[PDB]
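To start, the structure under review is shown below, and the notes come after it.
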Amino acid sequence: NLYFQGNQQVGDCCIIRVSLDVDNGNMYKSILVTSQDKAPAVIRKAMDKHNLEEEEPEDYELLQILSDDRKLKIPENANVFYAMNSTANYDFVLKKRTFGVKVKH
Amino acid sequence: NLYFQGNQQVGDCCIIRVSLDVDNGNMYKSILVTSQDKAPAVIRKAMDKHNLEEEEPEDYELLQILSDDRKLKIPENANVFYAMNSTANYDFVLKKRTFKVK
């Protein structure tokens, strides 16, 4: 079996696939998303599976892969189970943000 | 001596310091900027010194560090010697660029 983690005793949930660009490609790990889960709880689970223990969830974002050219950003503190496109591919990318500095463009 | 590279035979230049976030910190390397160098040529020199040979200059950008909370983005194909703030610190950061997100 695959091992998963969740902070819910009972109810609806889904298994998604979370990608990370590593070793000149993309490694996908399966992640449990409970109906109550917001983006940071899902990011921590994905980081644990991708062995990013010394890193922080605040430095990453979750984007649902709609197609090869389209991505859907999951807001920083949105409920994943409802913000995601439930009829589209349950494939996501864990992306490091490019961030308290004023940048003159 | 420090070693540098440049595609100019004669004329004015400046030595800038280019930072890369690596090994829980920021390593700075000194980079030669000739009066004729545009951002891609400077980025390639910074990448060589920071050992990013397997990476591409199109994936990075230069930002001049004006202060701890102020930065000046050098446009992708701007002449660095002229786009930079000439009176500010010649300290820069080599940063991975941010890229159809709905």
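Each chain in the structure tokens gets a letter, A, B and so on, in the order shown; residues start at 1 in every chain, and ligands are counted from 1 in the order they appear.
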
Practice problem: Starting from chain B, keep only residues with some atom at most 7 Å from an atom of chain A, counting only C-alpha atoms, and report them as a PyMOL selection string. | Solution: chain B and resi 69-73+98+100-102

Would you save the residues from that selection as an mmCIF file, in the first residue's frame, using N, CA and C atoms?
data_model
loop_
_atom_site.group_PDB
_atom_site.id
_atom_site.type_symbol
_atom_site.label_atom_id
_atom_site.label_comp_id
_atom_site.auth_asym_id
_atom_site.auth_seq_id
_atom_site.Cartn_x
_atom_site.Cartn_y
_atom_site.Cartn_z
ATOM 1 N N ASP B 69 15.844 46.236 1.569
ATOM 2 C CA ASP B 69 14.453 46.131 1.135
ATOM 3 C C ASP B 69 14.130 46.805 -0.217
ATOM 4 N N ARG B 70 15.160 47.237 -0.988
ATOM 5 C CA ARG B 70 14.974 47.849 -2.318
ATOM 6 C C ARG B 70 15.858 47.173 -3.353
ATOM 7 N N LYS B 71 15.265 46.806 -4.502
ATOM 8 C CA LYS B 71 15.970 46.119 -5.589
ATOM 9 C C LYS B 71 15.604 46.699 -6.939
ATOM 10 N N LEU B 72 16.571 46.750 -7.849
ATOM 11 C CA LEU B 72 16.378 47.263 -9.197
ATOM 12 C C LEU B 72 16.532 46.108 -10.182
ATOM 13 N N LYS B 73 15.439 45.754 -10.848
ATOM 14 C CA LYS B 73 15.435 44.677 -11.823
ATOM 15 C C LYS B 73 16.103 45.144 -13.122
ATOM 16 N N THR B 98 10.413 34.068 -12.632
ATOM 17 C CA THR B 98 9.057 33.591 -12.359
ATOM 18 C C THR B 98 8.236 33.589 -13.649
ATOM 19 N N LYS B 100 1.141 30.279 -18.614
ATOM 20 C CA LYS B 100 -0.251 30.692 -18.459
ATOM 21 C C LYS B 100 -0.916 30.079 -17.212
ATOM 22 N N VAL B 101 -0.857 30.834 -16.101
ATOM 23 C CA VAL B 101 -1.438 30.503 -14.801
ATOM 24 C C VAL B 101 -2.787 31.250 -14.698
ATOM 25 N N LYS B 102 -3.892 30.510 -14.427
ATOM 26 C CA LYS B 102 -5.246 31.057 -14.299
ATOM 27 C C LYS B 102 -5.561 31.500 -12.863
#

Practice problem: Find the spatial neighbours of residue B:2, counting only C-alpha atoms, within a cut-off of 10 Å - ignore same-chain residues fewer than 4 positions away - and output them as a PyMOL selection string. | Solution: chain B and resi 29-31

Practice problem: Find the distance between atom CA of residue A:82 and atom CA of residue A:55 and write it in Å to one decimal. | Solution: 26.5 Å

Quiz prompt | For residue B:89: contacts at 9 Å, only C-alpha atoms, fewer than 6 positions along chain excluded, given as a ChimeraX atom specification | solution = /B:16,64-67

Self-check item: Polymer residues at most 9 Å from residue B:95, only C-alpha atoms, same-chain spacing of 5 or more positions, as a list in words
Solution: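 Here the answer would be residues 98 of chain A; 19, 20, 21, 59, 60, 61, 62 and 63 of chain B.
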
Output of the above residues as an mmCIF file, in the first residue's frame, restricted to N, CA, C and O atoms:
data_model
loop_
_atom_site.group_PDB
_atom_site.id
_atom_site.type_symbol
_atom_site.label_atom_id
_atom_site.label_comp_id
_atom_site.auth_asym_id
_atom_site.auth_seq_id
_atom_site.Cartn_x
_atom_site.Cartn_y
_atom_site.Cartn_z
ATOM 1 N N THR A 98 8.941 32.965 -5.938
ATOM 2 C CA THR A 98 10.064 33.857 -6.266
ATOM 3 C C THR A 98 9.943 35.187 -5.489
ATOM 4 O O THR A 98 9.980 36.269 -6.083
ATOM 5 N N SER B 19 25.426 37.715 -6.196
ATOM 6 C CA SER B 19 25.006 36.765 -5.190
ATOM 7 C C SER B 19 24.088 35.690 -5.759
ATOM 8 O O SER B 19 23.254 35.958 -6.628
ATOM 9 N N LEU B 20 24.220 34.482 -5.208
ATOM 10 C CA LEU B 20 23.358 33.329 -5.464
ATOM 11 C C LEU B 20 23.043 32.715 -4.091
ATOM 12 O O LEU B 20 23.970 32.487 -3.288
ATOM 13 N N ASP B 21 21.745 32.463 -3.824
ATOM 14 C CA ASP B 21 21.287 31.811 -2.589
ATOM 15 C C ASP B 21 21.686 30.326 -2.683
ATOM 16 O O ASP B 21 21.179 29.607 -3.548
ATOM 17 N N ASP B 59 16.557 31.543 -17.924
ATOM 18 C CA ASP B 59 15.843 31.156 -16.703
ATOM 19 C C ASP B 59 16.174 32.007 -15.467
ATOM 20 O O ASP B 59 15.582 31.802 -14.403
ATOM 21 N N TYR B 60 17.106 32.962 -15.621
ATOM 22 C CA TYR B 60 17.597 33.833 -14.555
ATOM 23 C C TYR B 60 17.455 35.297 -14.869
ATOM 24 O O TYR B 60 17.301 35.686 -16.028
ATOM 25 N N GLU B 61 17.551 36.123 -13.823
ATOM 26 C CA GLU B 61 17.524 37.579 -13.930
ATOM 27 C C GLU B 61 18.492 38.207 -12.929
ATOM 28 O O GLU B 61 18.803 37.609 -11.890
ATOM 29 N N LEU B 62 18.938 39.421 -13.242
ATOM 30 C CA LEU B 62 19.805 40.218 -12.388
ATOM 31 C C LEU B 62 18.988 41.302 -11.736
ATOM 32 O O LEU B 62 18.191 41.957 -12.406
ATOM 33 N N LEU B 63 19.186 41.486 -10.430
ATOM 34 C CA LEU B 63 18.547 42.538 -9.650
ATOM 35 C C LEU B 63 19.625 43.215 -8.863
ATOM 36 O O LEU B 63 20.312 42.545 -8.093
#

Residues flagged alpha helix (DSSP H) by DSSP in chain A, as a compact mmCIF listing (two decimals) with N, CA, C and O atoms, in the first residue's frame:
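So the final result, stored in selection.txt, reads:
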# COMPACT_ATOMS: atom_id res chain seq x y z
N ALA A 39 -4.70 24.67 1.55
CA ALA A 39 -3.42 24.60 0.85
C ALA A 39 -2.19 24.35 1.76
O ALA A 39 -1.44 23.44 1.42
N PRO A 40 -1.95 25.05 2.91
CA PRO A 40 -0.72 24.78 3.70
C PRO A 40 -0.60 23.36 4.28
O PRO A 40 0.50 22.81 4.30
N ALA A 41 -1.73 22.75 4.71
CA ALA A 41 -1.72 21.38 5.23
C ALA A 41 -1.35 20.38 4.11
O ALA A 41 -0.64 19.42 4.38
N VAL A 42 -1.81 20.63 2.87
CA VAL A 42 -1.54 19.80 1.69
C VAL A 42 -0.07 19.96 1.25
O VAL A 42 0.59 18.97 0.95
N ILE A 43 0.44 21.21 1.25
CA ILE A 43 1.83 21.52 0.93
C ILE A 43 2.80 20.79 1.89
O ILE A 43 3.78 20.22 1.40
N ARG A 44 2.50 20.77 3.22
CA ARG A 44 3.34 20.08 4.23
C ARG A 44 3.39 18.58 3.94
O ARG A 44 4.45 17.98 4.02
N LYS A 45 2.25 17.98 3.58
CA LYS A 45 2.23 16.55 3.24
C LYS A 45 3.11 16.29 2.01
O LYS A 45 3.89 15.34 2.01
N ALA A 46 2.97 17.13 0.96
CA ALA A 46 3.75 17.00 -0.28
C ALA A 46 5.26 17.16 -0.02
O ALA A 46 6.04 16.32 -0.47
N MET A 47 5.64 18.15 0.81
CA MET A 47 7.03 18.41 1.21
C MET A 47 7.63 17.23 1.97
O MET A 47 8.78 16.88 1.71
N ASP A 48 6.85 16.60 2.88
CA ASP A 48 7.28 15.41 3.62
C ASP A 48 7.63 14.27 2.64
O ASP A 48 8.70 13.67 2.77
N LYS A 49 6.77 14.01 1.63
CA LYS A 49 6.99 12.96 0.63
C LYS A 49 8.15 13.25 -0.32
O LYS A 49 8.86 12.33 -0.72
N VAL A 80 -8.56 23.07 -0.46
CA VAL A 80 -8.14 22.40 -1.71
C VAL A 80 -9.27 21.60 -2.36
O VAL A 80 -9.55 21.80 -3.55
N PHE A 81 -9.94 20.74 -1.57
CA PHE A 81 -11.04 19.87 -1.98
C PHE A 81 -12.13 20.59 -2.78
O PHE A 81 -12.68 20.01 -3.71
N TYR A 82 -12.41 21.87 -2.44
CA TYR A 82 -13.41 22.65 -3.15
C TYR A 82 -12.85 23.67 -4.16
O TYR A 82 -13.52 23.92 -5.17
N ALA A 83 -11.64 24.23 -3.93
CA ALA A 83 -11.02 25.18 -4.87
C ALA A 83 -10.50 24.50 -6.14
O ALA A 83 -10.43 25.14 -7.19
